[PDB]
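Enquirer: Take this structure, written in structure tokens, and hold onto it; I'll ask about it next.
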Amino acid sequence: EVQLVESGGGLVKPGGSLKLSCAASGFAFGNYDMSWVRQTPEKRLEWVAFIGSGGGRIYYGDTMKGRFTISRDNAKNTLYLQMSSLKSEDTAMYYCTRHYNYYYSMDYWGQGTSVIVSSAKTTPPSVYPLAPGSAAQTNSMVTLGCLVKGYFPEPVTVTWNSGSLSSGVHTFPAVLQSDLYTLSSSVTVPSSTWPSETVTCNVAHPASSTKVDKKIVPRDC
Amino acid sequence: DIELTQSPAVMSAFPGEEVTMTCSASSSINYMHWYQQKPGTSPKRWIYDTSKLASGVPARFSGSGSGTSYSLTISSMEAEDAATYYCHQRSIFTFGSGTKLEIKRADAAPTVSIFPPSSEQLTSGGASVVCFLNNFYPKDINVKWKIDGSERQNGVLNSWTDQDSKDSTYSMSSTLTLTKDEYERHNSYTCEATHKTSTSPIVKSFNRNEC
Ligand SMILES: C[C@]12CCC(=O)C=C1CC[C@@H]1[C@@H]2C(=O)C[C@@]2(C)[C@H]1CC[C@]2(O)C(=O)CO
């Protein structure tokens with residue numbers, strides 16, 4: 001029923017500007033006070049901006065310092081946030097929220113739109129197959145992997161055999177390494193099925209419009 | 001600047017236990033709210049106006065408090081309760097930093113596996129040695145790397161998964177990244193997992209001059 005749908009986030013250089021939008025559905029948008037709340041990489045939640053139902057009453061969080069402008073167009077059921085002179089500390093997930101009453105709990109939240117403030121440029125990942133090699137296993141099960149290295153920004157999506165190997169999979173949170181992201185994913189299958197049955201990791205990086213498959217092949221020793 | 005602090009930052013309990021967490025304010029306020037968040041989704045209104053339950057919230061949850069001290073309580077906790085809970089109030093810029101409630105389960109030793117650098121990565125001039133420590137509990141585990149018998153500490157990055165939503169185990173990767181040239185100057189690579197499930201580590205290793 002009620003939907004709040006954000007857009008406009010992305011990579012922006014320090015000192016740049018951005019306008020975020022929040023499309024509302026399923027309720028009388030103009031009867032509700034609205035807010036923007038952001039969650040930093042440290043998971044800290046900060047109340048950025050608040051706007052009354054009629055658009056005539058506005059508040060900002062403490063570090064905003066005039067660089068943010070909340071506005072709304074009740075005729076198009078859309079909330080906006082203009083962001084300028086952006087700094088590294090403004091990197092966060094930006095959420096559109098709706099207020100219930102005048103104690104100001106937030107009874108509906110959008111899905112979030114991610115803003116990343118840095119000088120880094122979009123970079124596709126290198127993807128490397130992780131076969132046991134000289135570390136050969138010998139149990140009833142075998143574990144294989146894929147190393148995804150050197151991409152920006154987050155995220156990538158990893159699947160195995162196009163999602164048909166879904167159980168036995170661990171895709172680890174990415175970490176920054178030389179200011180680019182790296183993660184690995186592991187999959188575990190019966191050792192009787194590999195290499196007789198192919199195993200392939202499927203890596204997608206939407207920001208770079210890249211899709212790579214890496215077949216896990218036994219190494220040529 | 002009225003500020004909120006939450007205690008504890010992290011806590012774990014078996015299903016069936018009573019759970020209490022606290023939200024403290026630097027000066028007196030009223031009508032405290034609590035939001036629930038799970039990985040990869042938005043915060044969700046959970047308790048509002050200090051004691052009112054949001055729609056969909058089981059009666060096992062209750063909120064209470066006044067002045068500078070507020071609390072969220074759960075009776076007979078259930079696995080689906082695991083989440084981070086954040087407090088917030090209408091005059092506060094920064095939400096409380098959250099209490100992450102995790103699920104206690106039976107101890108489990110990791111399944112450990114080690115991978116030499118791929119030839120494709122070596123072609124590019126880098127060398128990552130990857131060790132997976134999968135499906136263990138509790139979260140606290142120690143990984144040690146030994147290269148030709150001497151402990152190595154530089155160039156290791158570890159990454160833990162969020163608690164697993166079906167079996168409540170954790171998994172972690174430990175990755176040793178070296179230049180190709182440094183990798184090529186040594187032979188024995190060992191990943192050692194020390195976990196409270198045993199006094200003896202789990203050891204996986206390889207020689208680079210094989211394969
Ligand atoms: C309840 C309140 C004051 C009364 C009102 O008509 C509407 C609001 C909602 C927005 C609130 C505001 C404040 O009380 C000051 C807040 C909390 C602001 C959002 C950010 C804020 O400006 C701060 O973060 C100040 O530190």
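Here's how to read the names in the structure tokens: chain A, B, ... by the order shown, residue numbers from 1 in each chain, ligand numbers from 1 in the order shown.
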List all protein, DNA and RNA residues that have any atom at most 9 Å from ligand 1, counting only C-alpha atoms and all ligand atoms, and write the list as a VMD selection string.

Expert: (chain A and resid 33 35 46 to 52 57 to 63 102 to 104) or (chain B and resid 1 to 2 89 to 94)

Enquirer: Could you write out the selected residues, including N, CA and C atoms, as a PDB file, in the first residue's frame?

Expert:
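Output saved as part.pdb:
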ATOM      1  N   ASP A  33       3.934  15.361   7.506  1.00  0.00           N
ATOM      2  CA  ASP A  33       5.318  15.780   7.671  1.00  0.00           C
ATOM      3  C   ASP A  33       6.243  14.655   7.210  1.00  0.00           C
ATOM      4  N   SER A  35      10.642  13.432   6.430  1.00  0.00           N
ATOM      5  CA  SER A  35      12.037  13.658   6.813  1.00  0.00           C
ATOM      6  C   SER A  35      13.002  12.885   5.925  1.00  0.00           C
ATOM      7  N   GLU A  46      21.426   9.629  11.524  1.00  0.00           N
ATOM      8  CA  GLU A  46      21.449  11.072  11.744  1.00  0.00           C
ATOM      9  C   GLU A  46      20.241  11.702  11.072  1.00  0.00           C
ATOM     10  N   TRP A  47      19.492  12.510  11.828  1.00  0.00           N
ATOM     11  CA  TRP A  47      18.312  13.196  11.303  1.00  0.00           C
ATOM     12  C   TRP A  47      18.758  14.411  10.496  1.00  0.00           C
ATOM     13  N   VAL A  48      18.651  14.328   9.166  1.00  0.00           N
ATOM     14  CA  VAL A  48      19.212  15.351   8.280  1.00  0.00           C
ATOM     15  C   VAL A  48      18.261  16.529   8.130  1.00  0.00           C
ATOM     16  N   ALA A  49      16.988  16.259   7.848  1.00  0.00           N
ATOM     17  CA  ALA A  49      16.083  17.342   7.496  1.00  0.00           C
ATOM     18  C   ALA A  49      14.661  16.882   7.732  1.00  0.00           C
ATOM     19  N   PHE A  50      13.798  17.849   8.017  1.00  0.00           N
ATOM     20  CA  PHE A  50      12.400  17.635   8.338  1.00  0.00           C
ATOM     21  C   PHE A  50      11.623  18.724   7.618  1.00  0.00           C
ATOM     22  N   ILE A  51      10.455  18.385   7.080  1.00  0.00           N
ATOM     23  CA  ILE A  51       9.600  19.375   6.436  1.00  0.00           C
ATOM     24  C   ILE A  51       8.147  19.100   6.801  1.00  0.00           C
ATOM     25  N   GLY A  52       7.433  20.161   7.187  1.00  0.00           N
ATOM     26  CA  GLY A  52       6.023  20.057   7.492  1.00  0.00           C
ATOM     27  C   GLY A  52       5.186  19.777   6.259  1.00  0.00           C
ATOM     28  N   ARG A  57       7.477  24.730   7.125  1.00  0.00           N
ATOM     29  CA  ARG A  57       8.160  24.532   8.394  1.00  0.00           C
ATOM     30  C   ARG A  57       9.288  23.537   8.154  1.00  0.00           C
ATOM     31  N   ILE A  58      10.512  23.885   8.554  1.00  0.00           N
ATOM     32  CA  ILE A  58      11.689  23.105   8.175  1.00  0.00           C
ATOM     33  C   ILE A  58      12.691  23.096   9.316  1.00  0.00           C
ATOM     34  N   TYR A  59      13.336  21.943   9.475  1.00  0.00           N
ATOM     35  CA  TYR A  59      14.431  21.816  10.459  1.00  0.00           C
ATOM     36  C   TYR A  59      15.566  21.004   9.822  1.00  0.00           C
ATOM     37  N   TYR A  60      16.781  21.229  10.290  1.00  0.00           N
ATOM     38  CA  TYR A  60      17.958  20.524   9.810  1.00  0.00           C
ATOM     39  C   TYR A  60      18.758  19.998  10.990  1.00  0.00           C
ATOM     40  N   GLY A  61      19.495  18.915  10.742  1.00  0.00           N
ATOM     41  CA  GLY A  61      20.417  18.382  11.722  1.00  0.00           C
ATOM     42  C   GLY A  61      21.630  19.285  11.937  1.00  0.00           C
ATOM     43  N   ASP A  62      22.378  18.978  13.000  1.00  0.00           N
ATOM     44  CA  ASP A  62      23.387  19.916  13.500  1.00  0.00           C
ATOM     45  C   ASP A  62      24.542  20.122  12.527  1.00  0.00           C
ATOM     46  N   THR A  63      24.965  19.087  11.803  1.00  0.00           N
ATOM     47  CA  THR A  63      26.135  19.247  10.949  1.00  0.00           C
ATOM     48  C   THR A  63      25.770  19.691   9.538  1.00  0.00           C
ATOM     49  N   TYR A 102       2.667  14.099  16.237  1.00  0.00           N
ATOM     50  CA  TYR A 102       3.520  15.200  16.670  1.00  0.00           C
ATOM     51  C   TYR A 102       4.432  14.854  17.851  1.00  0.00           C
ATOM     52  N   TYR A 103       4.646  13.570  18.137  1.00  0.00           N
ATOM     53  CA  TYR A 103       5.840  13.144  18.854  1.00  0.00           C
ATOM     54  C   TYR A 103       6.907  12.626  17.900  1.00  0.00           C
ATOM     55  N   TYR A 104       6.599  12.597  16.602  1.00  0.00           N
ATOM     56  CA  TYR A 104       7.576  12.516  15.506  1.00  0.00           C
ATOM     57  C   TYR A 104       8.264  11.159  15.365  1.00  0.00           C
TER      58      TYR A 104
ATOM     59  N   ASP B   1      23.017  20.029  23.917  1.00  0.00           N
ATOM     60  CA  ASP B   1      22.978  18.943  22.903  1.00  0.00           C
ATOM     61  C   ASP B   1      22.561  17.654  23.597  1.00  0.00           C
ATOM     62  N   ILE B   2      21.265  17.353  23.600  1.00  0.00           N
ATOM     63  CA  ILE B   2      20.835  16.152  24.301  1.00  0.00           C
ATOM     64  C   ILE B   2      21.266  14.955  23.466  1.00  0.00           C
ATOM     65  N   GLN B  89      14.403  10.123  19.814  1.00  0.00           N
ATOM     66  CA  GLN B  89      13.364  10.967  20.401  1.00  0.00           C
ATOM     67  C   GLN B  89      13.337  12.279  19.617  1.00  0.00           C
ATOM     68  N   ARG B  90      12.191  12.977  19.673  1.00  0.00           N
ATOM     69  CA  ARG B  90      11.902  14.039  18.701  1.00  0.00           C
ATOM     70  C   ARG B  90      12.879  15.208  18.746  1.00  0.00           C
ATOM     71  N   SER B  91      13.655  15.378  19.818  1.00  0.00           N
ATOM     72  CA  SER B  91      14.553  16.528  19.911  1.00  0.00           C
ATOM     73  C   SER B  91      16.011  16.165  19.629  1.00  0.00           C
ATOM     74  N   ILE B  92      16.282  14.928  19.184  1.00  0.00           N
ATOM     75  CA  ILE B  92      17.632  14.364  19.094  1.00  0.00           C
ATOM     76  C   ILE B  92      18.092  14.322  17.641  1.00  0.00           C
ATOM     77  N   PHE B  93      19.295  14.853  17.384  1.00  0.00           N
ATOM     78  CA  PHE B  93      19.896  14.795  16.053  1.00  0.00           C
ATOM     79  C   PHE B  93      20.386  13.385  15.720  1.00  0.00           C
ATOM     80  N   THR B  94      21.185  12.787  16.591  1.00  0.00           N
ATOM     81  CA  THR B  94      21.776  11.481  16.315  1.00  0.00           C
ATOM     82  C   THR B  94      21.047  10.395  17.094  1.00  0.00           C
TER      83      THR B  94
END

Enquirer: With a cut-off of 7 Å, could you pull out the residues of chain A touching chain B and give me the nearest pair of atoms for each, distance in Å to one decimal, using only C-alpha atoms, ordered by chain and ascending number, as CSV?

Expert:
residue,atom,partner,partner_atom,distance
A:44,CA,B:97,CA,6.1
A:45,CA,B:95,CA,5.3
A:46,CA,B:94,CA,4.6
A:47,CA,B:93,CA,5.3
A:61,CA,B:93,CA,5.6
A:62,CA,B:93,CA,6.7
A:103,CA,B:90,CA,6.1
A:104,CA,B:90,CA,5.6
A:105,CA,B:48,CA,6.3
A:106,CA,B:45,CA,6.4
A:107,CA,B:45,CA,5.5
A:109,CA,B:42,CA,6.6
A:111,CA,B:42,CA,5.9
A:128,CA,B:121,CA,6.5
A:129,CA,B:118,CA,6.5
A:130,CA,B:115,CA,6.2
A:131,CA,B:115,CA,6.6
A:132,CA,B:115,CA,5.5
A:133,CA,B:211,CA,6.5
A:134,CA,B:211,CA,5.3
A:135,CA,B:206,CA,5.2
A:172,CA,B:161,CA,5.6
A:173,CA,B:159,CA,6.2
A:221,CA,B:211,CA,3.8

Enquirer: Save the residues we just selected, N, CA, C and O atoms, as an mmCIF file, in the first residue's frame?

Expert:
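The new file part36.cif reads:
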data_model
loop_
_atom_site.group_PDB
_atom_site.id
_atom_site.type_symbol
_atom_site.label_atom_id
_atom_site.label_comp_id
_atom_site.auth_asym_id
_atom_site.auth_seq_id
_atom_site.Cartn_x
_atom_site.Cartn_y
_atom_site.Cartn_z
ATOM 1 N N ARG A 44 25.700 4.695 11.969
ATOM 2 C CA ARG A 44 25.146 5.790 12.763
ATOM 3 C C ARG A 44 23.990 6.458 12.013
ATOM 4 O O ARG A 44 24.102 6.755 10.822
ATOM 5 N N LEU A 45 22.879 6.701 12.708
ATOM 6 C CA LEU A 45 21.685 7.279 12.096
ATOM 7 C C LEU A 45 21.541 8.741 12.512
ATOM 8 O O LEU A 45 21.550 9.058 13.708
ATOM 9 N N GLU A 46 21.426 9.629 11.524
ATOM 10 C CA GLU A 46 21.449 11.072 11.744
ATOM 11 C C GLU A 46 20.241 11.702 11.072
ATOM 12 O O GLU A 46 20.002 11.466 9.881
ATOM 13 N N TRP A 47 19.492 12.510 11.828
ATOM 14 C CA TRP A 47 18.312 13.196 11.303
ATOM 15 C C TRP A 47 18.758 14.411 10.496
ATOM 16 O O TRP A 47 19.159 15.423 11.076
ATOM 17 N N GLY A 61 19.495 18.915 10.742
ATOM 18 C CA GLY A 61 20.417 18.382 11.722
ATOM 19 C C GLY A 61 21.630 19.285 11.937
ATOM 20 O O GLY A 61 21.906 20.219 11.180
ATOM 21 N N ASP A 62 22.378 18.978 13.000
ATOM 22 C CA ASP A 62 23.387 19.916 13.500
ATOM 23 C C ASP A 62 24.542 20.122 12.527
ATOM 24 O O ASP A 62 25.057 21.240 12.417
ATOM 25 N N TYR A 103 4.646 13.570 18.137
ATOM 26 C CA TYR A 103 5.840 13.144 18.854
ATOM 27 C C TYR A 103 6.907 12.626 17.900
ATOM 28 O O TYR A 103 7.978 12.209 18.353
ATOM 29 N N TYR A 104 6.599 12.597 16.602
ATOM 30 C CA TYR A 104 7.576 12.516 15.506
ATOM 31 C C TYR A 104 8.264 11.159 15.365
ATOM 32 O O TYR A 104 9.361 11.090 14.813
ATOM 33 N N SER A 105 7.628 10.061 15.782
ATOM 34 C CA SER A 105 8.102 8.769 15.302
ATOM 35 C C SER A 105 7.917 8.694 13.788
ATOM 36 O O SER A 105 7.116 9.415 13.188
ATOM 37 N N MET A 106 8.701 7.826 13.173
ATOM 38 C CA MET A 106 8.787 7.686 11.727
ATOM 39 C C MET A 106 8.163 6.347 11.355
ATOM 40 O O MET A 106 8.795 5.298 11.521
ATOM 41 N N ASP A 107 6.914 6.374 10.875
ATOM 42 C CA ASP A 107 6.172 5.115 10.769
ATOM 43 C C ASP A 107 6.361 4.392 9.436
ATOM 44 O O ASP A 107 6.031 3.200 9.355
ATOM 45 N N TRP A 109 9.440 4.040 6.117
ATOM 46 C CA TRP A 109 10.769 4.350 5.602
ATOM 47 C C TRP A 109 10.889 3.867 4.162
ATOM 48 O O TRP A 109 10.403 2.785 3.831
ATOM 49 N N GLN A 111 13.420 2.721 0.766
ATOM 50 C CA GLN A 111 14.439 1.676 0.665
ATOM 51 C C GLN A 111 15.843 2.241 0.820
ATOM 52 O O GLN A 111 16.789 1.476 1.033
ATOM 53 N N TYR A 128 38.914 -13.867 -9.876
ATOM 54 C CA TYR A 128 39.877 -14.953 -9.952
ATOM 55 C C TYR A 128 39.303 -16.247 -9.395
ATOM 56 O O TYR A 128 38.689 -16.247 -8.325
ATOM 57 N N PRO A 129 39.523 -17.365 -10.073
ATOM 58 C CA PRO A 129 39.002 -18.641 -9.577
ATOM 59 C C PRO A 129 39.878 -19.174 -8.450
ATOM 60 O O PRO A 129 41.106 -19.063 -8.486
ATOM 61 N N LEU A 130 39.237 -19.733 -7.427
ATOM 62 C CA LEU A 130 39.931 -20.278 -6.260
ATOM 63 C C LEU A 130 39.750 -21.789 -6.291
ATOM 64 O O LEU A 130 38.768 -22.311 -5.768
ATOM 65 N N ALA A 131 40.721 -22.513 -6.954
ATOM 66 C CA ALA A 131 40.658 -23.972 -6.886
ATOM 67 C C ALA A 131 41.649 -24.489 -5.846
ATOM 68 O O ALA A 131 42.621 -23.804 -5.525
ATOM 69 N N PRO A 132 41.435 -25.674 -5.265
ATOM 70 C CA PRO A 132 42.360 -26.133 -4.201
ATOM 71 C C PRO A 132 43.823 -26.194 -4.632
ATOM 72 O O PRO A 132 44.711 -25.854 -3.836
ATOM 73 N N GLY A 133 44.103 -26.608 -5.867
ATOM 74 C CA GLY A 133 45.494 -26.667 -6.295
ATOM 75 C C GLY A 133 46.312 -27.593 -5.412
ATOM 76 O O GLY A 133 45.862 -28.681 -5.033
ATOM 77 N N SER A 134 47.524 -27.146 -5.057
ATOM 78 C CA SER A 134 48.415 -27.894 -4.169
ATOM 79 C C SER A 134 47.874 -28.001 -2.741
ATOM 80 O O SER A 134 48.511 -28.644 -1.890
ATOM 81 N N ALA A 135 46.735 -27.371 -2.454
ATOM 82 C CA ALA A 135 46.005 -27.549 -1.202
ATOM 83 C C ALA A 135 44.813 -28.502 -1.357
ATOM 84 O O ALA A 135 43.791 -28.340 -0.673
ATOM 85 N N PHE A 172 31.384 -13.016 1.461
ATOM 86 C CA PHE A 172 31.862 -12.251 2.602
ATOM 87 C C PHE A 172 31.749 -10.756 2.329
ATOM 88 O O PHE A 172 31.813 -10.327 1.166
ATOM 89 N N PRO A 173 31.516 -9.966 3.388
ATOM 90 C CA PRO A 173 31.458 -8.505 3.227
ATOM 91 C C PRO A 173 32.744 -7.976 2.630
ATOM 92 O O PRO A 173 33.848 -8.395 3.007
ATOM 93 N N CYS A 221 49.008 -28.692 -12.871
ATOM 94 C CA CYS A 221 50.153 -28.686 -11.967
ATOM 95 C C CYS A 221 51.443 -28.973 -12.732
ATOM 96 O O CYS A 221 51.399 -29.383 -13.893
#

Enquirer: If you run DSSP over the backbone, which residues in chain A end up helix (DSSP H, G or I)? Put them as a list in words.

Expert: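 Here are the helix (DSSP H, G or I) residues of chain A: residues 29, 30, 31, 74, 75, 76, 88, 89, 90, 133, 134, 135, 161, 162, 163, 191, 192, 193, 206, 207 and 208 of chain A.
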
Enquirer: Pick out each residue of segment 48-166 of chain A that DSSP on the backbone tags as strand (DSSP E or B); I need them as a count of residues only.

Expert: 59

Enquirer: If you count only C-alpha atoms, which residues fall within 8 Å of segment 62-69 of chain B, apart from same-chain ones fewer than 5 positions away, as a compact mmCIF listing (two decimals) with N, CA, C and O atoms, in the first residue's frame?

Expert:
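Result file result28.txt:
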# COMPACT_ATOMS: atom_id res chain seq x y z
N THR B 22 18.94 -0.87 27.22
CA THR B 22 18.74 0.44 27.82
C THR B 22 19.17 1.56 26.88
O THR B 22 20.09 1.42 26.08
N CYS B 23 18.44 2.67 26.97
CA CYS B 23 18.69 3.90 26.23
C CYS B 23 18.73 5.03 27.24
O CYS B 23 17.72 5.29 27.91
N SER B 24 19.87 5.71 27.35
CA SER B 24 20.07 6.76 28.34
C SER B 24 20.20 8.12 27.66
O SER B 24 20.85 8.25 26.62
N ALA B 25 19.60 9.14 28.27
CA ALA B 25 19.61 10.49 27.71
C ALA B 25 20.37 11.42 28.64
O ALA B 25 20.26 11.30 29.87
N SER B 26 21.16 12.33 28.06
CA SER B 26 21.99 13.23 28.85
C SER B 26 21.18 14.21 29.68
O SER B 26 21.72 14.83 30.60
N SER B 27 19.90 14.39 29.36
CA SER B 27 18.99 15.17 30.17
C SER B 27 17.59 14.67 29.86
O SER B 27 17.38 13.93 28.90
N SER B 28 16.63 15.06 30.70
CA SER B 28 15.33 14.42 30.69
C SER B 28 14.53 14.77 29.44
O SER B 28 14.45 15.93 29.04
N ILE B 29 13.90 13.75 28.86
CA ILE B 29 13.05 13.85 27.67
C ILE B 29 11.93 12.82 27.83
O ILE B 29 11.93 12.01 28.76
N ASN B 30 10.96 12.84 26.92
CA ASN B 30 9.85 11.91 26.99
C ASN B 30 9.45 11.46 25.59
O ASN B 30 9.90 12.03 24.59
N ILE B 47 8.72 0.38 18.49
CA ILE B 47 8.02 0.91 19.65
C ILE B 47 8.05 2.41 19.51
O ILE B 47 9.04 2.97 19.02
N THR B 50 7.31 5.84 23.83
CA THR B 50 7.83 5.11 25.03
C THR B 50 7.26 3.69 25.16
O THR B 50 8.06 2.78 25.41
N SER B 51 5.96 3.48 24.94
CA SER B 51 5.35 2.16 25.25
C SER B 51 4.44 1.61 24.15
O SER B 51 3.98 0.48 24.33
N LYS B 52 4.14 2.36 23.10
CA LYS B 52 3.18 1.87 22.12
C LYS B 52 3.86 0.96 21.10
O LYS B 52 4.89 1.33 20.53
N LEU B 53 3.28 -0.21 20.86
CA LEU B 53 3.84 -1.15 19.90
C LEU B 53 3.35 -0.81 18.50
O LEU B 53 2.15 -0.58 18.30
N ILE B 74 12.17 -7.80 26.01
CA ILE B 74 11.58 -8.90 25.25
C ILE B 74 11.42 -10.09 26.18
O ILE B 74 12.40 -10.53 26.79

Enquirer: Calculated over only C-alpha atoms, which of the candidates A:3, A:200, A:84, A:190 has the smallest distance to residue 66 of chain A?

Expert: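 Using only C-alpha atoms, the shortest distance to residue 66 of chain A belongs to A:84.
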
Enquirer: When you look at residue 192 of chain A with a cut-off of 10 Å (counting only C-alpha atoms), what residues show up, excluding the ones that are within fewer than 6 positions of it in the same chain? I need them as a ChimeraX atom specification.

Expert: /A:139-142

Enquirer: Please produce a file of the residues just selected, as a CSV table (one decimal), in the first residue's frame, where the atoms kept are N, CA and C atoms.

Expert:
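Contents of the output file part-v5.csv:
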chain,number,residue,atom,x,y,z
A,139,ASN,N,37.8,-35.0,1.5
A,139,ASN,CA,36.7,-35.4,2.3
A,139,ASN,C,35.5,-35.8,1.4
A,140,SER,N,34.3,-36.0,1.9
A,140,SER,CA,33.1,-36.1,1.1
A,140,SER,C,32.6,-34.8,0.5
A,141,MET,N,33.2,-33.7,1.0
A,141,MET,CA,32.8,-32.4,0.5
A,141,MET,C,34.0,-31.6,0.0
A,142,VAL,N,33.8,-30.7,-1.0
A,142,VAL,CA,34.9,-29.9,-1.4
A,142,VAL,C,34.4,-28.4,-1.4

Enquirer: Which of these residues is nearest to residue 167 of chain B, using only C-alpha atoms: A:168, A:7, A:158, A:181?

Expert: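 Smallest distance to residue 167 of chain B is found for A:168.
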